[PDB]
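For neighbour counting, all protein chains shown are included, and Cβ atoms are generated from backbone atoms with ideal geometry for every residue, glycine included. None of the figures in this text is laboratory data; all of them are computed from the coordinates on show.
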Amino acid sequence: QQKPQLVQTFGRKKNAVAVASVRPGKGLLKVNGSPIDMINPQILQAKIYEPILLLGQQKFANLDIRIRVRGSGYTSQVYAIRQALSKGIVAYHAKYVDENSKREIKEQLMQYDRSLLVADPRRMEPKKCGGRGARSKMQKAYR
Amino acid sequence: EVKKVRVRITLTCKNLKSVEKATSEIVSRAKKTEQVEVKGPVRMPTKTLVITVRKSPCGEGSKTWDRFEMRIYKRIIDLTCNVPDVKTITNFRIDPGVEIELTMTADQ
Amino acid sequence: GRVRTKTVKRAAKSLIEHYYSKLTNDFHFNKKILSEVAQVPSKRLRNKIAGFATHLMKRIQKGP
Amino acid sequence: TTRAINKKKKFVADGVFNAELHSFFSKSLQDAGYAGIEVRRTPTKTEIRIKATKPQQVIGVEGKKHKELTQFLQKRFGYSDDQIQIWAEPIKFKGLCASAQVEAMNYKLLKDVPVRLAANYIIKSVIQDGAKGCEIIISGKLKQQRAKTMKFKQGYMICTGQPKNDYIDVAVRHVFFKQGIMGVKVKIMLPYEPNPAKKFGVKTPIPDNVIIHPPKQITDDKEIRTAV
RNA sequence: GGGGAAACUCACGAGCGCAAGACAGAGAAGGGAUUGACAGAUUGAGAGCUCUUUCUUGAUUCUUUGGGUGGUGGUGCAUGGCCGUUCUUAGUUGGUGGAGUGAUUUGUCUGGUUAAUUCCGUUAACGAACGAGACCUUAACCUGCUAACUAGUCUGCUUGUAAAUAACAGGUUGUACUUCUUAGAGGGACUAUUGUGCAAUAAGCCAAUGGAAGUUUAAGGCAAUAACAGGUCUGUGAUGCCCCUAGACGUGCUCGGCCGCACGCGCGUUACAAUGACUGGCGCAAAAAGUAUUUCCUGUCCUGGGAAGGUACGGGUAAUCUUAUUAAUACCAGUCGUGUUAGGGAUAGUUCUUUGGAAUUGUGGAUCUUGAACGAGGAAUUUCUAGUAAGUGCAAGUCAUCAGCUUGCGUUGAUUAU
Ligand SMILES: [Mg+2]
Ligand SMILES: [Mg+2]
Ligand SMILES: [Mg+2]
Ligand SMILES: [Mg+2]
Ligand SMILES: [Mg+2]
Ligand SMILES: [Mg+2]
Ligand SMILES: [Mg+2]
Ligand SMILES: [Mg+2]
Ligand SMILES: [Mg+2]
Ligand SMILES: [Mg+2]
Ligand SMILES: [Mg+2]
Ligand SMILES: [Mg+2]
Ligand SMILES: [Mg+2]
Ligand SMILES: [Mg+2]
Ligand SMILES: [Mg+2]
Ligand SMILES: [Mg+2]
Ligand SMILES: [Mg+2]
């Protein structure tokens, strides 16, 4: 079967899931089979470019990384991509490099943001009856 | 007269305990016999029927609701066998709420 | 809201009472010790008891 | 196969079948203490176990009520004679069954036997059979044209929590009088039975009970090098 | 009051039909009780309803005298059951001791502490029961376990566009695999670690660090003692008593009515625009449903400018099919330019379509028109602390058709207090 040089990490925010696969070579980032350039709301593309600029391109020119994302809505999706990418490099440096590098990129990243290696525990709240939402309730008449 | 027959066992139950009893003694029993190959328990997603009902039989003013659930657990087990072995592995007592469905695809 | 209840403190008293020689400053040890030693119907319960009992081990190390 | 039915729609239909049976049996079986019904379903058959206090009246005089019942289910659903099977199973402990006991006080109250005495008789019976605790509620006109509600407790009782659904057994009956409907609930908290060995009580202990188990001193022989 | 009522529902109203008036006593009936019905009138009505007209039919019974069914008729102050509310507040009991002749009291408390009569401690009280807690359900952690063609990954083959061991896409594949996805076992959190932080160093609180998670993790379910003549005879083949009983308050049919408008009071949808409206472009959800075989979800395909129609090819009683999609805020262009303006669309008039025997008193939907109030709201006053408010769509219940409601589901995501 010839076990590949693959590493596979996942990333999560709300209902969104990102699976990033990392293999060695000339660095690509393709999300859902397309460059980061084309990710829908333009503003938060820099969110995905963050861990890249934080680690420096030097780590990323050595690796082709492809991230498929399926999930909730645009923003959470962006955060999932973020996450998967970030802990993806870490997993690579775990298997194929020394542990030391894994450690120092871990620290490197988390000093900037912890949302990269750790998932946002928040999810939606179910709705309580007698309201238009998960707390707020039908208006009341006292007098 | 060799028969290679793929057997599909689908278990459905409103109680979980019952169905895991069934499942796990089918797996236990099938492995215990040499002619047998077991594609293991396949756990379908759990079906939850909800019925939300207003409590008071009247309009009596506070609105209270009842969240009434019925869970249906569905399992699949696959076997590589002949007829008699099947009838051997199905030979044990099962709790009442269990549905057992058997299908046979011939294989050459 | 972290105030601990009757059941838990009675429990912890007993667990130390009989077992003090077996017991450690480590929660994770004492919880397993408890589990072996006793009938505790809940994971959550056992853990609360073990934590308080640990707490009391530490309080015992200091004095009466 | 017969018809391909919605696992959801089938299962709900099975539950509704079960409930129709329970209403049918509690209604037509009203004299012998009727507790429960257990239904196994075979492609061949449908097996119904009627769990009851007085199986003898389920059968009747050489299957008068049995044959009647079996044929009732037959005409009702339509069934082959090999397709339906009815068993009656005894409840070994009558004191642990609510529906039974409420039937008991139904009976005693019909004979004009006074309230407190009857309530006491059953309660004493229930605890005599090992139930930790019991309570009875009688509501409606007792004294006068103005409704009263009388409670009788003895022993140990839980109301709130998931343990409620486990340890507490409840039944109600409507009791008929010239004056109207009066009504009666029986709550028997069952005991805790640690072994599958018997049909008793509750298999899983109250989440409250916490027990420390003091150490033992036993036989110790060592193995030591001899000295000469 | 699942109280979204076109018929039905349905109790209301106008006009018509049946008996499903059992059972017993008396008389009548076989030489006839009674049923039915062409046709002409009649009627709203092919209601034989009535009237004329006779032919059928063969005890299924008719007239009285009793009397039962049946009753969405009355009575919740006759009642069960259930359900609201005090109240999710923290309360409430008893035994044995102590105090009062006694009703009663201590227990059940000065004080800390907790969300909690939660605990600590005080202690003539000691021990206990209910309630709180425990518990249970959902959500959040596992690159470890158990496995999966009704999930996916990879591996090796291939296909297309390309110079292609590039890139992006398909199709296949296996004694392959578990990250993603199901979901079973077991872990995990105990307020953990630290703290010359506050605590009379006791319960506990606080902070920092670690942590998936430290508001009782979050959101719920359950809810003692006692009440309140709270609500419910219209949910019940649970009923007491009262009433209606053949032009009936029984069971049907036809047309209305509950939607009737000078007004008063509640929930609410939509707006008063530039953080906007409109015209394009854009492979972002979750959770629910689904066929007693053509009827239920519906995917292709075709016709129509459109709502919608074909029936041409098909799948799915469903992790297989509708679909792992088809949502809408959001984003990118472009128009429009602070004025009752395209903001805002109420109200109206033609046309077309769909559900239904039935749409008139517009069931919904489509196309042109028509375009009102409203320029951010008096006295008052509601709900709400984090994936929370708010905006934003989606489903489910209802349901042939009808969501401005309800019950849920995610998306975008705050201000301000702990
Ligand atoms: Mg909304
Ligand atoms: Mg109305
Ligand atoms: Mg009556
Ligand atoms: Mg009527
Ligand atoms: Mg006393
Ligand atoms: Mg005394
Ligand atoms: Mg005295
Ligand atoms: Mg007091
Ligand atoms: Mg005490
Ligand atoms: Mg809670
Ligand atoms: Mg009143
Ligand atoms: Mg069509
Ligand atoms: Mg759909
Ligand atoms: Mg019109
Ligand atoms: Mg309209
Ligand atoms: Mg529909
Ligand atoms: Mg409604």
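A straight line joining the Cα centroids of segment A:87-138 and segment B:64-82 runs 33 Å.
Can you tell me the order of B:83-95, C:25-37 when each peptide is scored by its average per-residue count of other Cβ atoms within 10 angstrom, highest first? Show your work: numbers first, answer last.
Numbers: B:83-95: 13.9, C:25-37: 15.9.
Taking the mean over residues of other Cβ atoms within 10 Å, the ranking is C:25-37, B:83-95.
Among D:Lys108/D:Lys153; D:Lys164/D:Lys185; D:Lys124/D:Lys187; D:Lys8/D:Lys75, which pairs are too far apart, with a Cα-Cα distance over 20 Å?
Values: D:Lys108/D:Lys153 18 Å; D:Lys164/D:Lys185 15 Å; D:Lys124/D:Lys187 14 Å; D:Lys8/D:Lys75 27 Å.
As for pairs spanning more than 20 Å Cα to Cα, those are D:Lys8/D:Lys75.
Past the 18 Å Cα-Cα mark, which pairs from A:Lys59/A:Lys102; A:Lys14/A:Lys102; D:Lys143/D:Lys178; C:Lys9/C:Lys48? Cα-Cα > 18 Å for A:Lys14/A:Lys102; rest within. Across peptide C:32-40, the average count of Cβ atoms from other chains found within 10 Å of a residue's Cβ is 3.
Each part reduced to its alpha carbon centroid, segment D:151-228 and segment A:16-82 end up 58 Å apart.
Per-residue mean of foreign Cβ neighbours for B:88-99 is 2 (Cβ atoms of other chains, 10 Å radius). In order along segment A:79-91, the phi-based Karplus estimate (6.51 cos²θ - 1.76 cosθ + 1.60, θ = phi - 60°) of 3J(HN,Hα) comes to 4, 5, 3, 3, 3, 3, 3, 3, 6, x, 3, 4, 4 Hz; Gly and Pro are listed as x. Within chain D, the longest run free of trypsin sites (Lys or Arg not before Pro) that sit in a DSSP loop with at most 15 other Cβ atoms within 10 Å is D:46-91. May I ask you to list the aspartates and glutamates whose Cα is less than 12 Å away from that of D:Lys54, ignoring any residue fewer than eight positions away on the same chain? Within the straight-line limit of under 12 Å, D:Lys54 reaches these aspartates and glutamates: D:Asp31, D:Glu89, D:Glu103.
Here the Karplus relation 6.51 cos²θ - 1.76 cosθ + 1.60, evaluated at θ = phi - 60°, turns the backbone of segment D:142-157 into coupling constants of 10, 4, 10, 5, 9, 4, 10, 9, 10, 10, 10, 10, 8, x, 9, 9 Hz, with x for every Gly and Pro. Between D:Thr46 and D:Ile84, D:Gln85, the built amide H atoms are under 5 Å apart, and every one of these is 5 or more places off in sequence or on another chain. For A:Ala16, which sequence-distant residues (separation of 5 or more, or a different chain) have an amide H within less than 5 Å of its own amide H, given hydrogens modelled in the peptide plane? Result for A:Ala16 returns A:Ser72.
With loop defined by DSSP as not H, G, I, E or B, and exposure as at most 13 other Cβ atoms within 10 Å, which is the longest segment of chain D clear of exposed GluC sites (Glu not before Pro)?
Values: sites that count: D:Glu62, D:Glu223.
The longest uninterrupted stretch comes out as D:63-222.
Rounded, prolate or oblate: pick one for segment D:78-135, where a ≥ b ≥ c are the square roots of the eigenvalues of its C-alpha gyration tensor, a/c under 1.5 means rounded, and failing that, prolate if a/b is larger than b/c, else oblate. The shape class here is oblate. In this rough spin-label picture, where each label sits 7 Å from Cα along the Cβ direction, the D:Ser125-B:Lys32 distance is 4.4 nm. Note on D:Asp220 and D:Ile181: their simple-model spin labels are 7.1 nm apart, each label 7 Å out from Cα toward Cβ. Within the set of other residues whose C-beta is less than 12 Å from the C-beta of D:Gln30, count the net charge using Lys and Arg as +1 and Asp and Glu as -1. Taking every other residue near D:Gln30 into account, the sum is +2. For A:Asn32, the amide hydrogen comes within under 5 Å of the amide hydrogens of A:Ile67, A:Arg68, A:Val69, counting only partners 5 or more places away or on other chains and with H modelled in the peptide plane.
Think of each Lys and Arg Cβ as +1 and each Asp and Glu Cβ as -1; about the Cα centre, that makes the dipole of segment D:61-115 roughly 160 debye.
Hey, any idea what Rg/Rh is for segment B:18-108, computing Rh the Kirkwood way over Cα pairs? Reported Rg/Rh (Cα atoms, Kirkwood Rh): 1.24. With a simple spin-label model that places each label point 7 Å from the Cα along the Cα-to-Cβ direction, the separation between B:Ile76 and D:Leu117 comes to 6.8 nm. Derived scalar couplings between HN and Hα for segment D:131-136 equal 5, 6, x, 7, 9, 10 Hz in order, rounded to whole Hz, by the Karplus curve 6.51 cos²θ - 1.76 cosθ + 1.60 (θ = phi - 60°), x for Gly and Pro.
Helix B:16-31 and the long axis of chain B differ in direction by around 10°, with both axes built from C-alpha atoms. Once the gyration tensor of the Cα atoms in chain C is diagonalised, the equivalent ellipsoid follows with semi-axes of 17, 14, 10 Å, ordered largest first. Straightening the chain between A:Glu99 and A:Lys127 buys 5.5 nm, computed as 0.36 nm per residue apart minus the Cα-Cα spacing.
A cut-off under 9 angstrom between Cβ atoms defines the neighbours of B:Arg8, and their net charge, with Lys, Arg +1 and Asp, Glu -1, is -1.
Taking a Cβ cut-off of under 13 Å around D:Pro207, the surrounding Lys, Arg, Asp and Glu residues balance to a net charge of +3, with basic ones at +1 and acidic ones at -1. Tell me whether chain D comes out rounded, prolate or oblate; compute the Cα gyration tensor, take square roots of the eigenvalues as a ≥ b ≥ c, and use a/c under 1.5 as the rounded threshold. Since a/c reaches 1.5 but b/c is at least a/b, the shape of chain D is classed as oblate. Distance from the C-alpha centroid of segment D:13-42 to that of segment B:1-61: 25 Å, rounded to the whole angstrom. Across the options B:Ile89, D:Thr160, A:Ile52, the greatest Cα extent toward the positive end of the charge dipole of the protein assembly as shown (unit charges at beta carbon of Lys, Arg, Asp, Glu) belongs to D:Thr160.
Candidate cross-link partners of A:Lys140 among the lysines, defined by an alpha-carbon separation under 30 Å and a same-chain spacing of 8 or more, comprise A:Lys127, A:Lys128, B:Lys55, B:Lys63.
Dipole check for chain A: with +1 at the C-beta of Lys and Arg, -1 at the C-beta of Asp and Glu, and the Cα centre as origin, the magnitude is about 1100 Debye.
With an a/c value of 1.5 or above and a/b larger than b/c for the gyration tensor axes a ≥ b ≥ c computed over the alpha-carbon atoms, the protein assembly as shown is described as prolate.
Among the chymotrypsin sites (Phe, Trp or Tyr not before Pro) found in segment D:150-228, those both in a DSSP coil and sparsely packed, with 14 or fewer other Cβ atoms within 10 Å of their Cβ, are D:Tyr156. Loop-resident GluC sites (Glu not before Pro) (DSSP state other than H, G, I, E or B) in segment B:1-105 with no more than 15 further Cβ atoms inside 10 Å of their Cβ: B:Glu1, B:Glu34, B:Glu60.
What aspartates and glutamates does A:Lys87 reach when the alpha-carbon gap must be under 17 Å and sequence neighbours fewer than 8 apart in one chain are set aside? Within the straight-line limit of under 17 Å, A:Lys87 reaches these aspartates and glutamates: A:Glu50, A:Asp64, A:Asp98, A:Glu99, A:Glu104, A:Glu107, A:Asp113, A:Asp120.
Among the residues of D:8-17, the average count of other protein chain beta-carbon atoms within 10 Å of the residue beta-carbon is 3.
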